[PDB]
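Chain nomenclature is as follows: A, B, C, D, E, F, G, H and I, assigned in order of appearance, with residue numbering initiated at 1 for each chain independently.
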Amino acid sequence: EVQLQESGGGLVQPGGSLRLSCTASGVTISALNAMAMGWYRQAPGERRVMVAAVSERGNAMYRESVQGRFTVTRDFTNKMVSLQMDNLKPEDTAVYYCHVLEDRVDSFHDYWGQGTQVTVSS
Amino acid sequence: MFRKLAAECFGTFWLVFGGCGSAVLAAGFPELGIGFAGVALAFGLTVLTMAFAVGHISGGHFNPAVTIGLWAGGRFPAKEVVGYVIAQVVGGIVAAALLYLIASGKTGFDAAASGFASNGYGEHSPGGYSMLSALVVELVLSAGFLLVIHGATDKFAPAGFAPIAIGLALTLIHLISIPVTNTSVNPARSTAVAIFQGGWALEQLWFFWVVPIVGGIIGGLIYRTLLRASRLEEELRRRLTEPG
Amino acid sequence: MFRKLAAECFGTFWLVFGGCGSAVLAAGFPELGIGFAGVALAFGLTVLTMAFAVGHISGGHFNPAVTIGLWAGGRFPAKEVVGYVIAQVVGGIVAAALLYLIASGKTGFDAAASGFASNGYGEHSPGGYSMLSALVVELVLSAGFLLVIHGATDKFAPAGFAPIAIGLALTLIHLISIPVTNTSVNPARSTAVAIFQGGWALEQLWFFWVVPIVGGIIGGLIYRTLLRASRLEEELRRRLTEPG
Amino acid sequence: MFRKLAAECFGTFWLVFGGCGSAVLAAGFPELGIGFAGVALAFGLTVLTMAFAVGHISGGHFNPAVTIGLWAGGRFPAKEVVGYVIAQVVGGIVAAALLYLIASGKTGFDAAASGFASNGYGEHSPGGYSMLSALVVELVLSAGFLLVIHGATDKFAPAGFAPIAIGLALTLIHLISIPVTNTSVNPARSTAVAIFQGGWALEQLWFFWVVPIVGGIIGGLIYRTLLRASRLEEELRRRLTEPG
Amino acid sequence: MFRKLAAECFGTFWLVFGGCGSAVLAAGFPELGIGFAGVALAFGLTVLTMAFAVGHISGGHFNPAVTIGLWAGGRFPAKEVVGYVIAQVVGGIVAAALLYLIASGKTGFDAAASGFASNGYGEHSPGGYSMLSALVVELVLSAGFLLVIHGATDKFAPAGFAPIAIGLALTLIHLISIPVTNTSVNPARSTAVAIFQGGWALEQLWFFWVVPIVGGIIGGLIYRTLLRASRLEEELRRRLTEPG
Amino acid sequence: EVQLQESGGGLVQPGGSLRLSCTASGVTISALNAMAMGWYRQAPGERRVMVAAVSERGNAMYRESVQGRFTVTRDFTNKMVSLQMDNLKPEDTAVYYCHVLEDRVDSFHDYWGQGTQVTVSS
Amino acid sequence: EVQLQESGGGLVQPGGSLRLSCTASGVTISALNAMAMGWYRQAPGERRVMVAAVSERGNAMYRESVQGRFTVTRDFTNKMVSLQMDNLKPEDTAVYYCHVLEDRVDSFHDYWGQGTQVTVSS
Amino acid sequence: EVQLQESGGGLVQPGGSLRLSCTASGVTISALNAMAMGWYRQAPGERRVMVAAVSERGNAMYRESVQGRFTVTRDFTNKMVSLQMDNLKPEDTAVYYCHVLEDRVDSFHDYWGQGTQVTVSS
Amino acid sequence: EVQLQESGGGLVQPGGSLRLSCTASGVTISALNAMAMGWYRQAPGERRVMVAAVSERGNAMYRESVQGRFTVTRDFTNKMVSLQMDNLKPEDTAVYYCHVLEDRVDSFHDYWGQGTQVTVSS
């Protein structure tokens, strides 16, 4: 199965910038090229919801409330997905998970990362 | 299928009757004729009204190029194509026949000399355009028409507005291309009037069966490969639009 | 019924006033007149706006042929037909009267000589068309109009779009047929202006009460027998669109 | 109220700019001018687009006659009327001023001699119509406009389609009445251009403040007393549409 | 983003092809040309149809001024602006190239002498208007266009009707301003034809990149500061529309 | 209060015609003129639903499934409401009630009749 | 009552074709001509849903997910209904039932077949 | 926190007019200028619902059933909000509350007044 | 993963007896001993529901409506599960599936068989 290892994150004051990265292992490049790579986030006491993603065709997609501040990039050869956050706000404090979505014809399968803490406190 | 074939036949009859009759009876009327703009509006309105009327029955193609382009776009079964085409052609022919009869009620009418609103290029183009110009314009306009049809009927487009967009697109196509080739982008419409013209129109008819259809196919392919959202992309959008 | 009759009367008044007044006052204005295309647009817009305004009250017929064709299509009770027709006629007449008064405010106006936008065939056709041409065109266009009306108001058609389709269909009908007979397809509209013309218009008036109505009936019959889905077909579609 | 007043001012500015500028700059262009039909289309489109843009804010009146007729129909509070009217007038004037400046950029422009698209009757009517004709046409068209506005915005009418109906109704009104009086049916639009004409337009301005408004009132009254459904009638319809 | 860029490129290609080709091939046709009104209708229809087709994909800007004005209105991310603009420009250029080829199929065509439907002011204005008139008209019309776009796409506006309003607004803008500057309000459309004109059009091109964009910004600002409802106002309306 | 007395009805074969009548008492003519007069019907095991009515302004209103076969008439001076049924069908077999609807500003008030049996059996 | 006897079906590899047939008995030709004849299918653990049908007027109707691969034919004289399946997929494995739908004015009546197994395994 | 003190109200016959006033204390002028000031009302046995308000930008907003008879005014300098009621009806009898709405980014906060009785009896 | 192969079944008249068998493969004996082995059944147009099972400890469990007529046996060494049906009834006609239930701590996992037809027609 797919294994996701994340990095980056931590403490940042409001208006700062951060860069999260995630790498996949245990899957061939060709197999991973047919999957979507994205980022979920869970804030204290709320849902775990998707904020950004890159599809198998290279189309970057964003959640409405974060578009304009987040930039998601995907390196297919290196099996890597990165997220750049600029002009951070208190509502951006949460646990961010690297995510992989796989199409199984009649359903979708999720692969999750460990999770990384991002805290924006002045 | 009988209902669908009847709907397609009636729609193509309406299209040919409306557009070609407006061109033949009213376009050149002295001091009050409707002109090219009026003819384009009539062609668009036929498709708009017939779509609103019978699109929920047959899908409202009324055009062999539209049917083949929808097949090439992955939206129409192959086994149903031939039937549709035949129906469309038949409808057009009937309309032309009736139009001919009506046009015969005025002294001095001559289908062969006037052209009977037939499509042509080169020496028979209304504006004296070359074959290459006709080919380019027909290809581009057919591709654009099929692209508009695919986009407007997409499940993510506004619901119920497709007939308006498609009809106004046909009106725009006529507004652009009438001076070059008489704006066929529809093999059945070309055939219906070429049969009754009986002269040079039948010699050039092949051109208006190949160029439009090919163009339509191209349009479909584009929407199929560059614009339509994949299954994973649809799922990603759904997940990205979930409250948390 | 009083509300419905008032709505039908006002709608027919609006239709006659708009269309015939545009034809009489603005169609032939020197160097800036609207022409046949403008007249057709005005006729379509009257029906479109009045439908949006009072169709939820009376159904928005504004045409005896439409009412009778809807009856023949199994969509309108017989016992209500006569009333509707009377209302429509009355409305038209009132409009014509007012139009006449307005037309009298310009020097040189002569209703008898100009024709007052009356429908006619043969020697009195705008383009000099024969009686057979007028008959064929009126029959075909009335049938198509009724078919469009039946299809657009079907329960499976897009909701709320019917007035647009019906009005634009009327505009297209005018664009096609104005040169042949002046595009009646409406007995009340023909009667309203024929009364004030006072000459040959009254002699030929019968023709524009029989041909349109018959055509409308045909249209209804077609939709009733070839295009409308039966109860079993509706149930089959419902069952075929169920997830499993 | 500040938002609503700003919306009304911008809407009236758009209406005057669009319609009067199309009349002044493009109507009479040699060999390519848009003519009366183009001017009517522009007038309708201004209202249509501005309604779609700011009707959800202010209701999209853009016309003192419309506001007063809606008050008379029981749909608009009296205490808000005066403000609306002022805003509308102000908007129109500003538009006219800018239009004047633009019109001054071409050699030979003369607002007084050309009339600056001002409304007039009798000797100053575009077609030389008498005062009685102008009165009758303005009254009837204002009443019809208000009736259409009341009907289309009724809670039982199709939702979201009102701007289309109202704009196309204005286009039809212009198509009918331009030759008679220049189609005011809007006191603010008349005032805006009459101020800059500076001559006979100001002498006749009163006529285009009284006749439209009165007509609008009549329209409202009709819909209030003959067409609107009462509370008991609404309850009866609701009960009659209940499954058993 | 690839899907969005492709949609914007195709939309701008459609806009330029349709509008400029209608202007170049059909506007001046002898005795049957469509004229300024036809050109304006074509320009509006291109935007309407392309919006219905691909607005759900990219938002349907097809205009650098629209994109920048939407950014200034707080509705479009800054980081995406440049890409959009490039795509639009590229699309336009391609369209122009094809149009050029088609126009070369008729004897006597001369892009430099005819102007190739290029925008200009002063000595190169179609009606001989001064630079100040062009500046004022372009500023006002761009601001109005952006205001209409912001209002129609507001969450409180009727859903699905925005393409109709935006396209008809473009048609109205052309109807107003064609005689003054040839109605650019779109830097990409101006550039596409100025490149192939190759003469005075390139000298004046800067004017049609600055004035429209600035105007668009102004429009956005207005809707952002005077017409859009604040968060507290939205909550107040929600609470005021609660049954008790 | 208002008292409603009905009449007519009974047995009829399919395709026949019937005429029901109803008269009101205990209310002045002016007071009744401001009320709606109509007919409800209840078929075996189903709802009691309105089929036809005449409003205070004299507008006749019908249920969709019965319009074209039923004709409702109102005599304001005689305080009477009548229903004429033509081309009867088996689905028309039910108990028919004369009904009066009164507007009370913030709600509506119903006055009911005794009920009359209409049976359409071949 | 109506009796339905089916035939055909069995095992087929992906991309193959099959032909199911069904014959009705115990009903006159005229009576059956006023009914609809179609095919239901139930896959393991799911609903029994209609996939294709032919109405009393001869109009062939299909489920969206199967149109383009299935062809339903009806022989009115022989009281027969047949289904031709081409380019079969794993999702087509199920029990297929011949079905007859009868209109009873106020409701519809169903007649079911025994059922036939169609298994598409490579 | 904000303290609201109301005044006015009482008994009035139908068709009369009344003027309610409310003053705020414990908050600076600048802080209050960023809040909305309005009026709620609760009638016997019903909800407490908003009838009129003035937003932070000075836009007067009304409930549909009361617009045309009520006029809400706001004095920012004096931190005052007043309501003028004309052509009173029996349905206007209720307890009226001065209300202040404050925006807290992720939610709204309400400040309530004591309440004043308005009774319209002939 | 686990692969289940069934056998037996077919046509039987009412009051007869049948014996279904199922064998598992692709799993070690020790791993399978920690799982439950049972039988599901789906009748035309109904759910797929469990009728009998044997747990990892060898306890035979039955559905109430079938206990007394069905006997489920499990051979742990041979990785086999068998069902004996006696005194069959028309309601026993259905598709029977061999089933394996596995405990995954936080959830259960199902392994399904191909399915076998049992038809009880006199």
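As a working rule, a residue touches a chain if its C-beta (ideal position, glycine included) is under 8 Å from a C-beta of that chain, and two chains touch if they have at least 3 such contacts.
The interface formed by B-G recurs in D-H: of the pairs listed in A-B, C-G or D-H, only this one shares over half of its residue-numbered contact pairs with it. For the pairs B-G and A-B, the larger set of C-beta contacts lies at A-B.
One inter-chain figure worth recording: chain A and chain H are separated by 48 Å, centre to centre, where each centre is the mean of the chain's CA atoms.
Separation between the centroids of chain D and chain G, computed from CA atoms only, is 62 Å. Centres computed as Cα averages put chain D at a distance of 27 Å from chain E.
Across the assembly, chain A contributes 57, 59 as residues in contact with two or more other chains. Residue positions 3, 33, 35, 37, 159-160, 164 of chain C are each in touch with at least two other chains. Residues 1-3, 77-80 of chain D are the ones that touch chain H when the two sit in their complex.
Chain E contributes residues 27-28, 33, 35-37, 40, 127-130, 132-134, 136-137, 140, 144, 147-148, 150-152, 154, 156-162, 164-165, 168-169, 171-172, 175-180, 222, 226-227, 229 to its touches with chain D in the complex.
Listing the residues of chain F that touch chain D in their complex gives 35-36, 38, 42-43, 46-53, 55-57, 59, 61-64, 101, 103, 108. Of all residues in chain G, only 42, 44-45, 48, 95, 97, 112, 114-115, 117, 119 touch chain I in the complex they form.
Contact residues on chain D toward chain E in their complex (touch as defined above): 3, 6-7, 10, 14, 17-18, 21-22, 25-26, 29, 32-35, 37-38, 41-42, 45-46, 48-50, 52-54, 56-57, 98, 101-107, 159-160, 163-164.
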